[PDB]
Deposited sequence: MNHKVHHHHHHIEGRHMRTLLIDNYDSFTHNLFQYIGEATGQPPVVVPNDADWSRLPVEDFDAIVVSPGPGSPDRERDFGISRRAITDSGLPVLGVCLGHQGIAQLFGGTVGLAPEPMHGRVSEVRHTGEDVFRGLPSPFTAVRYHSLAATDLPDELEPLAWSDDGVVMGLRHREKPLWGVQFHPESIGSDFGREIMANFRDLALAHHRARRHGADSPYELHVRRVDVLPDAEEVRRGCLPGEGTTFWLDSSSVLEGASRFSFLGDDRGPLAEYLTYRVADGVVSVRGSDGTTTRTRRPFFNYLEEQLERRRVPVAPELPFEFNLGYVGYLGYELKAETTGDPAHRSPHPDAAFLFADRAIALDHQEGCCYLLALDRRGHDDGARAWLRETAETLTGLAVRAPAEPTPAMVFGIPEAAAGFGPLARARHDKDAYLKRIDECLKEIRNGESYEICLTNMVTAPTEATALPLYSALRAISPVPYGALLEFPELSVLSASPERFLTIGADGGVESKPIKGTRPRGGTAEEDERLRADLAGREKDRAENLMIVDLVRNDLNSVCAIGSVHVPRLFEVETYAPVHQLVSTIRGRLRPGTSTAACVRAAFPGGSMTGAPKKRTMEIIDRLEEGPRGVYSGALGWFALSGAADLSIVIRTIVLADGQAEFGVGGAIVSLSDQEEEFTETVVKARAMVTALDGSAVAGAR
């Protein structure tokens, strides 16, 4: 998109250029330094996204000393960080008491304890910071809340309750201080969010203080006949998962859209009956709709899904990112429901939220669907009998009449082809996959009922669509994008089966976290995902809070790493996904050439498998999972992909077995016709 402009007002002080350095290093762009006696009229504040008001002698109660800093705070309407004289400036300009502190403190350290909010995010409490002031903010007004204090018992941080203003008495940039660059990066982040915060719909919200069983909500509130979505936290775990979302295509503002890579056409079905056909690329279409149909996030909600698109992005959409249209999927290459009406379960607090759109102007009785569905939900609330889920094992095949595309022998060959390509330095890691087909007369909901019981996960889902049903028991987070523009990705790479005992379970759990091979498989994907995000994130923002964590589910142990970043200004949430699609964890590195190797060897499409599935909110947030451990149901057969990382140290036979281990949950669900 672009980088962010930062203005740095100099109050003819002898520290301004230190702030210049720290802003430069933290944000990856140098600030524009202007003197405080500069002409505001002439100054093009239009072309700036943040201001920093430098330290300086004297007080802000003066035209000299402070000057044009005053305008930045009152008028500009922009994110501002006051430092020392600026911090003091914020106080008096909103009616604050800037008086003599107990002890003047020049070129001297204080321990600073703080909330950890805004400009103090990430910082430990306390930390060390150099002070340069006799004056100090004392009695704060009602508009300003303090964030940090000195050991001296003095205000070291503050902000405005409404406006995007921030202050520090201490000097981040001073050589005696710690976490200067962090603070400057925090302020960058705040400004990015602020700017991202700047509707043809009217969103009605309704809370119900009952929590039925999610399966009871699916069966009770939604129909078997019709297009339905169920985003299912079959596993609920504080921090990891909390919510479930359900809806259908019966509303008056709902739509259903497919895409074909081969045609290159967006087919969409209005609530009218109308069936439009554009010749677009899907990510382009999606970006536009999301921009046009924007809606702000409702504050009462504990989540940022305020309706929008729910569905899946197929692997073959790589054709319109960085890949080639090599193979043509049987199923849609994209497929979503525009959800105008949705039921949202909060497993943590034990309540429901109903959400429905009206057009800004006209009614469309969406408030009717609130009060009706509320009374339905109350009638479905009963004691769910606690039923612990058993872990699974290894010891074989892909099911009785299940035909793998590549049989074992064929796969062991393609593993060897992968191994050749790595020697010749064409890829470092190849995520080669198979595709198993198997007949089943089973309908989606009974079969999903079985799957979710076998393998409860944070990112399960049942999509019942006209062309196909997608029965996902995915544990994998692809992209979680805040409306504020924060991004998280948690690539899974590093698989291990569950232990037959509880001991051997810890043994495999520990082996997976310790092995060089698996850590390497994981690391290479971390770097690849950091790359994808760095393409559309702000410089400094991309980082890795956690590396080589082991998560455990009924079917398997997984090695997971967490990557985070913050979107650049102008970068839409859909741009961010296009940048990262397909996910590194399903392709390998380097992506482009790896995906070419995949095209030759797999000799056919992955379809929905390998893609992403989840939601894009009108708030601009998204939550997407990697499609793995997923059964695609269509035309009387069940299709499911399984894969694995092929690396220098891979063993043909062991890798083949890994694909089977992964098929277990799907294979067990299908068992019993």
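Participant: Compare the deposited sequence with the modelled residues and state the ranges that are missing C-alpha positions.
Facilitator: Missing from the model are residues 1 to 13, 212 to 216, 414 to 418, 697 to 702.
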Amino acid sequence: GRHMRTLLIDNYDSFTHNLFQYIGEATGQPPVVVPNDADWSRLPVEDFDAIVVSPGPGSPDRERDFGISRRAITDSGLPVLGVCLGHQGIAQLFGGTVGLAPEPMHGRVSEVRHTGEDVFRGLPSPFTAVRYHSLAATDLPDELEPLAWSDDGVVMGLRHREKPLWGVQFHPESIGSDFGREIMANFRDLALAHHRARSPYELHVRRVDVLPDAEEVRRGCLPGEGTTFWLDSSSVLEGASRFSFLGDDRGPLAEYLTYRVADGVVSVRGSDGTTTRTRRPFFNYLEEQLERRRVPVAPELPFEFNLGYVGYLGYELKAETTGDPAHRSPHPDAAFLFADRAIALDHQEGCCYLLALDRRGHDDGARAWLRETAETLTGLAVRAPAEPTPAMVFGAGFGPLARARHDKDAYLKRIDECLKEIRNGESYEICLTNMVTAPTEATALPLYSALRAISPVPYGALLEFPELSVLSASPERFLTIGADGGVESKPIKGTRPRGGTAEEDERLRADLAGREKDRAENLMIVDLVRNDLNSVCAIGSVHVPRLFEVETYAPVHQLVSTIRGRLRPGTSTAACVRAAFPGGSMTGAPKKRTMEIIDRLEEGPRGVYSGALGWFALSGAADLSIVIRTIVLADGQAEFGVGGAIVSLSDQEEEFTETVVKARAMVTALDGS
From here on, numbers count along this sequence of modelled residues.
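Participant: For the other entries of this protein included in the comparison (both sides of the residue modelled), is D49 absent in a third of them or more?
Facilitator: No: coordinates for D49 present in every compared entry.
Participant: Checking the other PDB entries with both flanking residues built, is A391 absent in a third or more?
Facilitator: Looking at the other entries that model residues on either side of it, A391 is missing from at least a third.
Participant: State which stretch shows the higher mean Cα B factor in the entry: 624 to 632 or 66 to 74.
Facilitator: Here the higher of the two C-alpha B-factor means belongs to 66 to 74.
Participant: Out of 101 to 109 and 514 to 522, which stretch has the higher average CA B-factor listed in the record?
Facilitator: Higher mean C-alpha B-factor in the PDB entry: 101 to 109.
Participant: With respect to the C-alpha temperature factors reported in the PDB entry, which of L533, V83, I90, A193 ranks highest?
Facilitator: It is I90.
Participant: Tell me which of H543, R477, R360, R121 tops the list for C-alpha B factor in the record.
Facilitator: The C-alpha B-factor peaks, among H543, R477, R360, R121, at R360.
Participant: Quick check on the deposited entry: does the C-alpha B-factor of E655 sit in the lowest, middle or highest third of its chain?
Facilitator: Its C-alpha B-factor, which the entry lists for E655, ranks in the middle third among residues of this chain.
Participant: Going by what the PDB entry lists, where does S14 fall on CA B-factor within its chain: lowest, middle or highest third?
Facilitator: It belongs to the highest third of the chain when residues are ordered by C-alpha B-factor.
Participant: What third of the chain, by the recorded C-alpha B-factor, contains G486?
Facilitator: CA B-factor rank for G486: lowest third.
Participant: Would you mind ranking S673 by its C-alpha B-factor against the rest of the chain and naming the third, lowest, middle or highest?
Facilitator: For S673, the deposited C-alpha B-factor lands in the highest third.
Participant: Test of reading the entry: by CA B factor among the chain's modelled residues, which third contains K493?
Facilitator: It belongs to the lowest third of the chain when residues are ordered by C-alpha B-factor.
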